[PDB]
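Have a look at the structure below before the remarks.
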Amino acid sequence: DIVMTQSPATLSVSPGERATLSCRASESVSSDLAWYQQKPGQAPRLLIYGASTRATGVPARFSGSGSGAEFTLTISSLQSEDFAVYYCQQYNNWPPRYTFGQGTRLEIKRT
Amino acid sequence: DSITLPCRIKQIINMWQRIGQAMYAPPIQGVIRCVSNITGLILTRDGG
Amino acid sequence: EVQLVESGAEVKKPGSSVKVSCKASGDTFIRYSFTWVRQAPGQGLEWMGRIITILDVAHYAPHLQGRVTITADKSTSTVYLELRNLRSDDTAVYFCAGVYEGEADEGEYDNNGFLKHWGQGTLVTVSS
Amino acid sequence: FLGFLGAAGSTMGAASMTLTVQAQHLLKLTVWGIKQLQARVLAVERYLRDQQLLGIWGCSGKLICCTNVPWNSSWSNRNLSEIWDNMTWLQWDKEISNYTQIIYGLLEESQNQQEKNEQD
Amino acid sequence: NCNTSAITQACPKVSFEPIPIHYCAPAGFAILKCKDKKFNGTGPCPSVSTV
């Protein structure tokens, strides 16, 4: 298949502040990475496709950008429903042997 | 003064070589200009 | 805007074959591209396969190739995923996905790779 | 090779009389130089391919030859006078396009018929 | 009925503009040509020329 490694894998930032999510590509994906948001319970939802173009019926506060092997999705103000698992799937290869991402993990701060 | 024809850059074309149905990549970004002559017509008569 | 309804959760045994249907409604079914993607419990999404409805051709993932066939019928306007040689760790939630790509009947085609419309998500659990 | 073709417009008799008269830039001039040798080498290798056949019917090295055999009237009968002053060689070919095999098979047997004289 | 055999492959864009192309007869064949302008399809062309 196609491997997808990231370094650093994930950094710990407390909830309540602006956070950016970085996706790294093993290959040279020009602008062929899409971003999906998956809150647990149902199917995900596409937000950014083309690595920059906003999907229909999604808030404009989310902002995705990047190219090549570096892509970044940024939030403006956190929302209650904006705490989910974010998947970055590339689809540059052809024939379509596309590969998904790994998601992002957030831990419950139980004292 | 100038008569225009509106048209699209298709993708799923029937190959002229044989009985098939190809499919090509989405069109590139940029100006695709072709200034070409017209030295022929192909016509057929009416059925009735 | 346009919703897709997937078949109910099915449970089978290893060594068998499973079939799951996703029915799309709202637009013309044949003018779409459909990607089948699976999610293991507690694991990220796994891209299984793709099919171009106007053209009736499928491409599957290499590591998963050989045990999955994706077909679709425009008459009933639904896409079927069929999996062979079921085995325990393949327990997962299966998802159909569909994308609009332009006026496909006349010849136009975009061939988008992302996923916009999604099914409700069937669950397959193969075990003892 | 094929330069002996401009006489085609000339009629039967004119062709008969004219018979005896005669029967990088560097890279572009080489790949198109060979293609002019493959024509002349074929010109001789066909000349020897058909002069040998002429050696079966008896006459070799002869531009105009004639053997001991009559002419069947079934072969597009027409007077010799008209078919030699106003008649095209291509038209003659088309008129006798079917009978060439018959003639070319019988000429050999006639030559062997003559050959039996010194074979005896 | 007919087995639609997909031959999926890579389809990179590339410049594609026609260029002139002559067709030539090799090793003992000659290409006629009707130099006459008023043409009729079949029929005679009393202006022929070998090229």
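Every chain is named by a letter (A, B, C, D and E) in the order it is written, and numbering of its residues begins at 1.
What we mean here is this: contacts are C-beta pairs under 8 Å (C-beta built on N, C-alpha and C of every residue); 3 or more make two chains touch, one makes a residue touch a chain.
Visitor: Hopping along touching chains only, can you work out the least number of steps from subunit A to subunit C?
Guide: Step count on the best path from subunit A to subunit C: 1.
Visitor: Select the chain whose centre, defined as the mean of its C-alpha atoms, is least distant from the mean of all protein C-alpha atoms.
Guide: Chain nearest the centroid of all protein C-alpha atoms: B.
Visitor: Give the chain pair that accounts for the most C-beta pairs in contact.
Guide: A-C
Visitor: Please flag the chain sitting at the greatest distance from subunit D, going by CA centroids.
Guide: Chain A.
Visitor: Roughly how many whole angstrom separate the Cα centroids of subunit B and subunit D?
Guide: One centre to the other, that is 52 Å.
Visitor: Averaging only over C-alpha atoms, locate the centres of subunit B and subunit C and give their separation in whole Å.
Guide: Between these chains, centre-to-centre, one finds 35 Å.
Visitor: Cα centroid separation between subunit A and subunit E, in whole Å?
Guide: 54
Visitor: How far is the middle of subunit B from the middle of subunit E, if each middle is the mean of its Cα atoms, in Å?
Guide: Subunit B and subunit E have C-alpha centres separated by 20 Å.
Visitor: Could you list which residues of subunit D touch at least two other chains?
Guide: none
Visitor: Identify all positions of subunit A at which a residue touches two or more other chains, and write them in rising order.
Guide: 95
Visitor: If you look at subunit B, which of its residues touch at least two other chains?
Guide: 25
Visitor: Of all possible chain pairs, which ones touch?
Guide: So the chains that touch one another pair up as A-C, A-E, B-C, B-E, C-E, D-E.
Visitor: Which part of subunit B faces subunit C closely enough to touch in the complex?
Guide: For this pair, the touching residues of subunit B are 8, 10-13, 21, 23, 25-26.
Visitor: Could you pull out which subunit A residues touch subunit C in their complex?
Guide: Counting only subunit A, the residues touching subunit C are 1, 32, 34, 36, 38, 42-46, 49, 55, 85, 87, 89, 91-92, 95-103.
Visitor: Which part of subunit B faces subunit E closely enough to touch in the complex?
Guide: Its residues touching subunit E are 24-25, 28.
Visitor: Can you name the residues of subunit D that touch subunit E in the complex?
Guide: 1-2, 5, 35, 38-39, 42-43, 46
Visitor: Given the complex with subunit E, which residues does subunit C contribute to the contact?
Guide: Counting only subunit C, the residues touching subunit E are 56-57, 59.
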